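In: I need the structure of the sequence given here:
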Amino acid sequence: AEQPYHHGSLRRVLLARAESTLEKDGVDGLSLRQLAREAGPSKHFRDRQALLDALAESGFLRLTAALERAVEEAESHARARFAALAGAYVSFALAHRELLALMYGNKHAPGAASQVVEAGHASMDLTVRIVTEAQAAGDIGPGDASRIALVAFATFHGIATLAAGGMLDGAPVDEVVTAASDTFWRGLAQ
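Out: Numbers count the residues shown, from 1 in each chain. Sharing the structure here:
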């Protein structure tokens, strides 16, 4: 019935519903007013932009979480970690296509919220640290670890972009990720 003590927080409930609509209908199908009525006067969020910022922040937090798990799952050597991070990134991207578009669009919009910006920088910092550790272990050659990380990001975001766009022409995404990882590793390796 009423059930006054079996309610989730409005913030969490609205964010789960918003993400579901985002993935079905896209960002233009998102309405705070609709989501609030759908969740049966507070909408929690001050306005639509606060909702989008929250989704974007949550997206980065979850992407960072996924990369960290990939590292934990894999062997403790650089070649394995590089391979695991790449595969985890592409899987995330393909499982959360509309959220990922929102994450990147929001993060780089004029006046982007600092908590979104900080969350996005964390995912990248993780990668940069793994590259730096690889250089300290002497597995790869010298160079600016943030440029190395950036080339890796472009590579695997490029693969995810081709896959989402139907431009792999029948090459299984997993095989293209692996070929890109092997070639990258070889191009850096000592």
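
In: secondary structure class for residue 3?
Out: coil (DSSP: H, G, I helix; E, B strand; the rest coil).

In: can you give me phi and psi for it?
Out: phi 50, psi 70 (degrees, to the nearest 10).

In: Do a quick rundown of the helices in the chain.
Out: Under the criterion DSSP state H, the chain contains helices at 10-25, 32-38, 48-73, 78-95, 97-107, 114-136, 145-164, 173-188.

In: And the contacts of the first one?
Out: With contact meaning C-beta atoms under 8 Å, 6 or more residues apart in numbering, helix 10-25 is reached by 29-30, 32, 35-36, 38-39, 42-45, 51, 54-55, 58, 96-99, 102. C-beta coordinates here come from the backbone N, C-alpha and C atoms, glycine included.

In: repeat that with 7 Å
Out: 29-30, 35-36, 38-39, 42, 44-45, 51, 54-55, 58, 98-99, 102 (C-beta atoms under 7 Å, 6 or more residues apart in numbering).

In: now swap in the fifth one and tell me
Out: For helix 97-107, contacts defined as C-beta under 7 Å, 6+ apart pick out 19, 22-23, 26-27, 52-53, 55-56, 59-60, 93, 112, 116-117, 120, 164.

In: so who does the residue nearest to the spatial centre of the chain touch?
Out: Nearest to the geometric centre of the chain sits residue 63, at 3.7 Å (C-alpha atoms, centre = their mean). Contact analysis of residue 63 by C-beta under 7 Å, 6+ apart lists 92, 123.

In: Filter the contacts of helix 97-107 down to the buried ones.
Out: Among the contacts of helix 97-107, those buried by neighbour count (16 or more other C-beta atoms under 10 Å) are 19, 22, 27, 52-53, 55-56, 59-60, 93, 116, 120.

In: Throw those residues into TSV and include distance to residue 73, thanks.
Out: Conversion of these to TSV gives the following (distance: C-beta to C-beta, whole Å):
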residue	distance to residue 73
19	25
22	28
27	32
52	31
53	31
55	27
56	26
59	21
60	20
93	18
116	27
120	23
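
In: what's the most distant pair in these?
Out: 53 and 93 (20.6 Å; C-beta to C-beta).

In: so what's the closest residue to residue 126 other than its chain neighbours up against?
Out: In space, and not counting its chain neighbours, residue 126 is closest to residue 67: 5.4 Å by C-beta to C-beta, 6 or more residues apart in numbering. Residue 67 is in contact with 85, 88-89, 123, 126, counting by C-beta under 7 Å, 6+ apart.

In: repeat that for 6 Å
Out: Neighbouring residues of residue 67 by C-beta atoms under 6 Å, 6 or more residues apart in numbering: 85, 88, 126.

In: Including neighbour count and distance to residue 160, could the residues you listed go into TSV?
Out: Putting the contacts of residue 67 into TSV (neighbours: other C-beta atoms under 10 Å; distance: C-beta to C-beta, whole Å) gives the following:
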residue	neighbour count	distance to residue 160
85	25	13
88	20	11
126	18	17
